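Commentary on secondary and tertiary structure
For reference, the chains in residue letters:
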Amino acid sequence: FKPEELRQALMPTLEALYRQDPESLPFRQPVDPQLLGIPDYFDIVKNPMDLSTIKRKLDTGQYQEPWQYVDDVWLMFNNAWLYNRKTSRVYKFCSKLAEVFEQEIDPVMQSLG
Ligand SMILES: Cc1noc(C)c1-c1ccc2c(c1)ncn2Cc1ccc(Cl)cc1
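The PDB entry lists the protein chain under the name CREB-binding protein, from Homo sapiens. The record lists the entry's title as "Crystal structure of the bromodomain of human CREBBP in complex with an isoxazolyl-benzimidazole ligand".

Because an α-helix completes one turn every 3.6 residues, residues spaced three or four positions apart along the sequence face the same direction. Compared with the 24 Å implied by 1.5 Å per residue over 17 residues, the 24 Å span of helix α1 (residues 3-19) between its first and last C-alpha is a close match. Where α1 bends most, at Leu 10, the angle is about 35 degrees, and the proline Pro 12 comes one to four residues later.

Applying the stated criterion across every chain, the model contains 3 salt bridges. For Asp 59, the salt bridge goes to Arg 7, with nearest N and O atoms at 3.0 Å. Of this pair, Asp 59 sits in helix α4 (residues 51-59) while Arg 7 sits in helix α1, and the two are 52 residues apart along the sequence. In this structure, the salt-bridge partner of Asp 59 is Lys 55, at a minimum N-O distance of 3.4 Å. Here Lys 55 and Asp 59 lie together in helix α4, a separation of 4 residues that amounts to about one turn. With a relative accessible area of 31%, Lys 55 lands in the partly exposed category. Residues joined by salt bridges that share partners form a network here, namely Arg 7, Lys 55 and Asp 59.

It is worth spelling out the site of the ligand at this point. What surrounds the ligand is a group of 14 residues, the closest being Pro 26, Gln 29, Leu 36, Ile 38 and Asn 84. Taking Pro 26, its main chain carries an N or O atom lying 3.3 Å from a nitrogen atom of the ligand. Here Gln 29 contributes a side-chain N or O atom positioned 3.2 Å from a nitrogen atom of the ligand. Counting residues per element, the ones that place at least two in the shell around the ligand are α5 (66-83) and α6 (89-111).

With that settled, consider the packing of α1 against α6. Interaxial distance between α1 and α6 falls to 9 Å at its minimum, and their mutual angle equals 165 degrees. Overall, the two elements α1 and α6 adopt an arrangement that is roughly antiparallel. The two elements α1 and α6 cross, and the hand of that crossing is right-handed. Contacts between α1 and α6 involve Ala 9, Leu 10, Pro 12, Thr 13, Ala 16 and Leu 17 on the former and, on the latter, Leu 97, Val 100, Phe 101, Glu 104, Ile 105 and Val 108. Split into classes, the residues belonging to the contact of α1 with α6 amount to 10 nonpolar, 1 polar and 1 charged.

With respect to the helices and strands, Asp 50 occurs in the loop between α3 (41-44) and α4. Polar contacts involving the side chain of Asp 50 include one to the main-chain amide nitrogen of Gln 29, which spans 3.4 Å. Aside from chain neighbours lying at most four places away, what touches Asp 50 is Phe 27, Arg 28, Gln 29, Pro 30 and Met 76.

Take unusual backbone geometry next. Here the amide bond leading from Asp 21 into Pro 22 is cis, since omega sits at 10 degrees, within 30 degrees of zero. With respect to the helices and strands, the residue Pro 22 is situated in the loop between α1 and α2 (33-36).

Reading the values: the criteria
Residues numbered from 1 in each chain as written, not as in the entry; some residues may be left out. Heavy atoms only, no water. Residues with missing side-chain atoms left out of burial classes, pairs and counts. Helix = DSSP H or I, 4+ residues; strand = E, 2+ residues; numbered from the N terminus. Expected span 1.5 Å × (residues − 1). Bend = angle between axes of the 7 residues up to and from the residue. Salt bridge = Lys/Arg side-chain N within 4 Å of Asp/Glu carboxyl O. Buried < 20%, exposed > 50% of the residue type's maximum accessible area, 1.4 Å probe, protein only. Near = heavy atom within 4 Å. Polar contact = N/O pair within 3.5 Å; in protein donor to acceptor, adjacent residues only side chain to side chain. Axes fitted to C-alpha atoms, helices over the stretch in contact; angles between N-to-C directions. Parallel < 35°, antiparallel > 145°, perpendicular 65-115°, else oblique. Left-handed = near helix turned anticlockwise from the far one by under 90°. Contact = heavy atoms within 4.5 Å. Nonpolar A, V, L, I, M, F, W, Y, C, P; charged D, E, K, R; others polar.

Here's what the structure looks like:
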């Protein structure tokens, strides 16, 4: 696929995540442990990812196959589930966003091939 054609296929899945409010709000920027007052974050999460980074990569054509994008999205979720406690707001927001993502990406992927 051409860069723009793949971007157009994937973009609605990313838009769906941004549309979730308040659940996407912690995910719209890189985690900033210094500002958040959580100095253990980068001792635990070695490969950070967030929506703004995925958006930039998508908009600049860096995703050359769908699994490359899907992998980044799951990285973002898996980092949040690793770091945050199960009872925390962010963990619960992560679970909601993952459910939204599955609902959006599965039909997209089913339509590639
Ligand atoms: C995502 C994520 N994964 O682990 C942590 C910590 C975060 C996190 C937690 C709070 C964050 C954040 C990122 N970026 C900004 N904030 C503050 C904030 C808290 C709740 C809402 Cl609704 C919006 C921003």
